[PDB]
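Have a look at input-v3.tsv below; it lists TSV, N, CA and C atoms and all ligand atoms.
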chain	number	residue	atom	x	y	z
A	1	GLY	N	-18.97	-35.17	-1.09
A	1	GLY	CA	-19.96	-34.25	-0.57
A	1	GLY	C	-19.89	-32.89	-1.22
A	2	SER	N	-20.80	-32.00	-0.82
A	2	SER	CA	-20.84	-30.65	-1.38
A	2	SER	C	-21.58	-29.70	-0.45
A	3	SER	N	-21.56	-28.41	-0.78
A	3	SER	CA	-22.23	-27.40	0.03
A	3	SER	C	-22.40	-26.10	-0.75
A	4	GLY	N	-23.10	-25.15	-0.16
A	4	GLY	CA	-23.33	-23.87	-0.81
A	4	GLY	C	-24.79	-23.47	-0.82
A	5	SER	N	-25.04	-22.18	-0.62
A	5	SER	CA	-26.41	-21.66	-0.59
A	5	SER	C	-26.42	-20.14	-0.65
A	6	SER	N	-26.95	-19.60	-1.73
A	6	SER	CA	-27.02	-18.15	-1.91
A	6	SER	C	-28.27	-17.76	-2.69
A	7	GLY	N	-28.89	-16.65	-2.29
A	7	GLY	CA	-30.08	-16.18	-2.96
A	7	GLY	C	-30.72	-15.00	-2.26
A	8	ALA	N	-30.76	-13.86	-2.94
A	8	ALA	CA	-31.35	-12.65	-2.38
A	8	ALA	C	-31.87	-11.73	-3.47
A	9	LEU	N	-32.84	-10.90	-3.13
A	9	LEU	CA	-33.43	-9.96	-4.08
A	9	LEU	C	-32.45	-8.85	-4.43
A	10	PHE	N	-31.30	-8.85	-3.76
A	10	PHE	CA	-30.27	-7.84	-3.99
A	10	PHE	C	-29.33	-8.28	-5.11
A	11	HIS	N	-29.90	-8.64	-6.25
A	11	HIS	CA	-29.11	-9.08	-7.40
A	11	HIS	C	-29.55	-8.36	-8.67
A	12	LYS	N	-30.85	-8.37	-8.93
A	12	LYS	CA	-31.41	-7.72	-10.11
A	12	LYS	C	-32.52	-6.75	-9.73
A	13	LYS	N	-32.42	-6.19	-8.53
A	13	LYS	CA	-33.41	-5.24	-8.04
A	13	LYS	C	-32.76	-3.89	-7.73
A	14	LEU	N	-33.17	-2.86	-8.46
A	14	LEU	CA	-32.63	-1.52	-8.26
A	14	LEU	C	-33.35	-0.81	-7.12
A	15	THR	N	-32.60	-0.01	-6.37
A	15	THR	CA	-33.17	0.73	-5.24
A	15	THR	C	-34.21	1.74	-5.72
A	16	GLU	N	-35.20	2.00	-4.87
A	16	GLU	CA	-36.26	2.94	-5.21
A	16	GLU	C	-36.80	3.62	-3.95
A	17	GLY	N	-37.06	4.92	-4.06
A	17	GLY	CA	-37.58	5.66	-2.92
A	17	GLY	C	-36.94	5.25	-1.61
A	18	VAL	N	-35.62	5.04	-1.64
A	18	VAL	CA	-34.89	4.64	-0.44
A	18	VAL	C	-33.99	5.76	0.06
A	19	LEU	N	-34.50	6.53	1.02
A	19	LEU	CA	-33.74	7.64	1.58
A	19	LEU	C	-33.74	7.58	3.11
A	20	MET	N	-33.70	6.36	3.64
A	20	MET	CA	-33.69	6.17	5.09
A	20	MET	C	-32.32	5.69	5.57
A	21	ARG	N	-31.78	4.68	4.90
A	21	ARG	CA	-30.48	4.13	5.26
A	21	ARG	C	-29.44	5.25	5.40
A	22	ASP	N	-28.51	5.06	6.32
A	22	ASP	CA	-27.46	6.05	6.56
A	22	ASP	C	-26.24	5.77	5.68
A	23	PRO	N	-25.68	6.84	5.10
A	23	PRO	CA	-24.50	6.73	4.22
A	23	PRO	C	-23.24	6.37	5.00
A	24	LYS	N	-22.52	7.38	5.45
A	24	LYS	CA	-21.29	7.17	6.21
A	24	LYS	C	-21.13	8.22	7.29
A	25	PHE	N	-21.26	7.80	8.55
A	25	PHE	CA	-21.12	8.72	9.68
A	25	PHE	C	-19.66	8.85	10.10
A	26	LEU	N	-19.00	9.89	9.60
A	26	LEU	CA	-17.60	10.14	9.92
A	26	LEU	C	-17.46	11.32	10.88
A	27	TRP	N	-16.88	11.06	12.04
A	27	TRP	CA	-16.68	12.11	13.04
A	27	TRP	C	-15.39	11.89	13.81
A	28	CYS	N	-14.97	12.90	14.57
A	28	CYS	CA	-13.75	12.81	15.36
A	28	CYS	C	-13.81	11.65	16.34
A	29	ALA	N	-12.72	11.44	17.08
A	29	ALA	CA	-12.66	10.37	18.06
A	29	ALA	C	-12.72	10.91	19.48
A	30	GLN	N	-12.73	12.23	19.60
A	30	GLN	CA	-12.79	12.88	20.91
A	30	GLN	C	-14.00	13.80	21.01
A	31	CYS	N	-14.10	14.74	20.07
A	31	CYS	CA	-15.22	15.68	20.05
A	31	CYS	C	-16.48	15.02	19.50
A	32	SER	N	-16.30	14.09	18.58
A	32	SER	CA	-17.42	13.39	17.97
A	32	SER	C	-18.41	14.37	17.35
A	33	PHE	N	-17.90	15.24	16.48
A	33	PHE	CA	-18.74	16.24	15.82
A	33	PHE	C	-19.96	15.59	15.18
A	34	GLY	N	-19.73	14.83	14.12
A	34	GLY	CA	-20.82	14.16	13.43
A	34	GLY	C	-21.14	14.80	12.09
A	35	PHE	N	-20.43	14.37	11.05
A	35	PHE	CA	-20.64	14.91	9.71
A	35	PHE	C	-20.40	13.84	8.65
A	36	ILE	N	-21.26	13.82	7.64
A	36	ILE	CA	-21.15	12.85	6.56
A	36	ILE	C	-20.10	13.27	5.54
A	37	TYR	N	-19.26	12.32	5.14
A	37	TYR	CA	-18.20	12.60	4.17
A	37	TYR	C	-18.39	11.75	2.91
A	38	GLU	N	-18.79	10.50	3.10
A	38	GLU	CA	-19.00	9.59	1.98
A	38	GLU	C	-18.09	9.94	0.81
A	39	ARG	N	-16.83	10.22	1.12
A	39	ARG	CA	-15.85	10.58	0.10
A	39	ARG	C	-14.88	9.42	-0.14
A	40	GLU	N	-14.19	9.46	-1.28
A	40	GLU	CA	-13.24	8.42	-1.64
A	40	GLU	C	-11.82	8.85	-1.29
A	41	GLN	N	-11.64	9.35	-0.07
A	41	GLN	CA	-10.32	9.79	0.39
A	41	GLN	C	-10.12	9.48	1.86
A	42	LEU	N	-8.90	9.68	2.35
A	42	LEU	CA	-8.58	9.41	3.75
A	42	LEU	C	-8.04	10.67	4.43
A	43	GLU	N	-8.41	11.83	3.90
A	43	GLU	CA	-7.96	13.10	4.46
A	43	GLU	C	-9.15	13.93	4.94
A	44	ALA	N	-9.88	13.41	5.92
A	44	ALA	CA	-11.04	14.10	6.46
A	44	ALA	C	-10.61	15.17	7.46
A	45	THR	N	-11.35	16.28	7.48
A	45	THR	CA	-11.05	17.38	8.38
A	45	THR	C	-12.28	17.80	9.17
A	46	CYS	N	-12.16	17.83	10.49
A	46	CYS	CA	-13.26	18.22	11.36
A	46	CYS	C	-13.58	19.70	11.21
A	47	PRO	N	-14.87	20.02	11.09
A	47	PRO	CA	-15.34	21.40	10.94
A	47	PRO	C	-15.16	22.22	12.22
A	48	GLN	N	-14.59	21.58	13.24
A	48	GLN	CA	-14.36	22.25	14.52
A	48	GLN	C	-12.88	22.20	14.90
A	49	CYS	N	-12.35	20.99	15.05
A	49	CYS	CA	-10.95	20.81	15.42
A	49	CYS	C	-10.04	21.10	14.23
A	50	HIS	N	-10.55	20.86	13.03
A	50	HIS	CA	-9.78	21.10	11.81
A	50	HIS	C	-8.51	20.24	11.79
A	51	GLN	N	-8.61	19.04	12.35
A	51	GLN	CA	-7.47	18.13	12.40
A	51	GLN	C	-7.67	16.96	11.43
A	52	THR	N	-6.67	16.71	10.60
A	52	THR	CA	-6.73	15.62	9.63
A	52	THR	C	-6.59	14.27	10.31
A	53	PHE	N	-7.64	13.46	10.24
A	53	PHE	CA	-7.64	12.14	10.85
A	53	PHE	C	-8.26	11.10	9.92
A	54	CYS	N	-7.67	9.91	9.89
A	54	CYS	CA	-8.17	8.83	9.04
A	54	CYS	C	-9.64	8.55	9.32
A	55	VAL	N	-10.37	8.17	8.27
A	55	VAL	CA	-11.79	7.87	8.40
A	55	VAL	C	-12.01	6.40	8.75
A	56	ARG	N	-10.93	5.64	8.80
A	56	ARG	CA	-11.00	4.22	9.12
A	56	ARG	C	-10.53	3.96	10.55
A	57	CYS	N	-9.22	4.08	10.76
A	57	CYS	CA	-8.64	3.85	12.08
A	57	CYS	C	-8.95	5.02	13.02
A	58	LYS	N	-9.43	6.12	12.45
A	58	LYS	CA	-9.77	7.30	13.23
A	58	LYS	C	-8.58	7.76	14.06
A	59	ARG	N	-7.40	7.76	13.44
A	59	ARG	CA	-6.18	8.18	14.12
A	59	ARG	C	-5.52	9.35	13.39
A	60	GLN	N	-4.62	10.04	14.08
A	60	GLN	CA	-3.92	11.18	13.50
A	60	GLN	C	-3.28	10.81	12.17
A	61	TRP	N	-3.85	11.32	11.08
A	61	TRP	CA	-3.33	11.04	9.75
A	61	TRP	C	-1.83	11.26	9.68
A	62	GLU	N	-1.19	10.70	8.66
A	62	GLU	CA	0.25	10.84	8.49
A	62	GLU	C	0.65	10.67	7.03
A	63	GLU	N	1.55	11.53	6.56
A	63	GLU	CA	2.01	11.47	5.18
A	63	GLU	C	2.35	10.04	4.77
A	64	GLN	N	2.93	9.29	5.70
A	64	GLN	CA	3.30	7.90	5.44
A	64	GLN	C	2.07	7.04	5.20
A	65	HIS	N	0.98	7.36	5.91
A	65	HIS	CA	-0.26	6.62	5.77
A	65	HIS	C	-0.81	6.72	4.35
A	66	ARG	N	-0.60	7.88	3.73
A	66	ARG	CA	-1.07	8.11	2.37
A	66	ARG	C	-0.64	6.97	1.44
A	67	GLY	N	-1.61	6.33	0.80
A	67	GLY	CA	-1.31	5.24	-0.10
A	67	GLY	C	-1.39	3.88	0.58
A	68	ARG	N	-1.07	3.86	1.87
A	68	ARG	CA	-1.11	2.62	2.64
A	68	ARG	C	-2.41	2.49	3.42
A	69	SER	N	-2.55	1.40	4.16
A	69	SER	CA	-3.76	1.16	4.95
A	69	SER	C	-3.46	1.25	6.44
A	70	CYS	N	-4.51	1.24	7.25
A	70	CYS	CA	-4.36	1.32	8.70
A	70	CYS	C	-3.43	0.22	9.21
A	71	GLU	N	-3.48	-0.94	8.56
A	71	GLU	CA	-2.64	-2.06	8.95
A	71	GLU	C	-1.18	-1.80	8.60
A	72	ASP	N	-0.89	-1.69	7.31
A	72	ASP	CA	0.46	-1.43	6.84
A	72	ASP	C	1.06	-0.22	7.54
A	73	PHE	N	0.27	0.84	7.66
A	73	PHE	CA	0.72	2.07	8.31
A	73	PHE	C	1.26	1.78	9.70
A	74	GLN	N	0.45	1.12	10.52
A	74	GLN	CA	0.84	0.79	11.88
A	74	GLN	C	2.23	0.14	11.90
A	75	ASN	N	2.41	-0.88	11.08
A	75	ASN	CA	3.69	-1.58	11.00
A	75	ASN	C	4.83	-0.60	10.76
A	76	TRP	N	4.55	0.46	10.01
A	76	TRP	CA	5.56	1.47	9.70
A	76	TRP	C	5.87	2.31	10.93
A	77	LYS	N	4.88	2.48	11.80
A	77	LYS	CA	5.05	3.26	13.02
A	77	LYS	C	5.94	2.52	14.02
A	78	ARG	N	5.68	1.23	14.20
A	78	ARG	CA	6.45	0.42	15.12
A	78	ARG	C	7.89	0.27	14.64
A	79	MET	N	8.08	0.26	13.33
A	79	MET	CA	9.40	0.13	12.74
A	79	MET	C	10.14	1.47	12.75
A	80	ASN	N	9.48	2.50	12.22
A	80	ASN	CA	10.07	3.83	12.17
A	80	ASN	C	10.10	4.47	13.56
A	81	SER	N	8.93	4.63	14.15
A	81	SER	CA	8.82	5.23	15.48
A	81	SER	C	9.12	4.21	16.56
A	82	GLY	N	10.14	3.39	16.34
A	82	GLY	CA	10.51	2.37	17.30
A	82	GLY	C	9.32	1.57	17.79
A	83	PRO	N	9.56	0.68	18.76
A	83	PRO	CA	8.51	-0.17	19.33
A	83	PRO	C	7.51	0.63	20.17
A	84	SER	N	7.89	1.84	20.54
A	84	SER	CA	7.03	2.70	21.34
A	84	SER	C	6.87	4.07	20.69
A	85	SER	N	5.74	4.27	20.02
A	85	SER	CA	5.46	5.54	19.35
A	85	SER	C	5.12	6.63	20.36
A	86	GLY	N	5.67	7.82	20.15
A	86	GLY	CA	5.41	8.92	21.05
A	86	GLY	C	4.05	9.55	20.82
B	1	ZN	ZN	-13.51	17.44	16.04
B	2	ZN	ZN	-6.13	4.59	8.73

Show me this structure written as structure tokens.
Amino acid sequence: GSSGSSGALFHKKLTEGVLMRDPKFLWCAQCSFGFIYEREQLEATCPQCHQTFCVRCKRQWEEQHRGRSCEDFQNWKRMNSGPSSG
């Protein structure tokens, strides 16, 4: 037997006059400011709280997080900051 099925105009069609779709809505997790960052980094800073927080897990950034991901980072917290992080 066999399977498979793929086909869309999103292959050889370039975007045109498309300014409706939203880029990246990055905001705090408490104040929920609301500002676009669409940046290639994980060191976002709120224009109000001025607190560095990840743009993915939306958690208090950490030097250890740098280079790693929300997943790997967490594992480091449970290991380093014991089973119960303060
Ligand atoms: Zn904020
Ligand atoms: Zn993260």

Next item on the list: Could you tell me, counting only N, CA and C atoms and all ligand atoms, which protein and nucleic acid residues lie no more than 6 Å from ligand ZN 1 (chain B), written as a list in words?
Entry: residues 28, 31, 32, 33, 46, 47, 48, 49 and 50 of chain A

Margin query: If you run DSSP on the backbone here, which positions in stretch 2-76 of chain A get strand (DSSP E or B)? Please write them as a ChimeraX atom specification.
Written below: /A:25-26,35-36,44-45,52-53,60

Note to self: At a cut-off of 6 Å and counting all atoms listed in the file, what residues surround ligand ZN 2 (chain B)? Please answer as an NGL selection string.
What the structure shows: :A and (54-59 or 69-70)

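One distance worth recording is that between atom N of residue A:79 and atom CA of residue A:64, which is 12.0 Å.
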
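Interatomic distance, atom CA of residue A:42 against atom CA of residue A:29: 14.9 Å.
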
Note to self: as a ChimeraX atom specification, please: the residues near residue A:66 (cut-off 12 Å, only C-alpha atoms, same-chain neighbours under 2 positions excluded).
What the structure shows: /A:41-43,52-54,60-64,68-70,72-73,76

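Picture a line from atom C of residue A:17 to atom C of residue A:5; it runs 27.5 Å.
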
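Of the residues in chain A, those that DSSP places in helix (DSSP H, G or I) on the basis of the backbone are residues 70, 71, 72, 73, 74, 75, 76, 77, 78, 79 and 80 of chain A.
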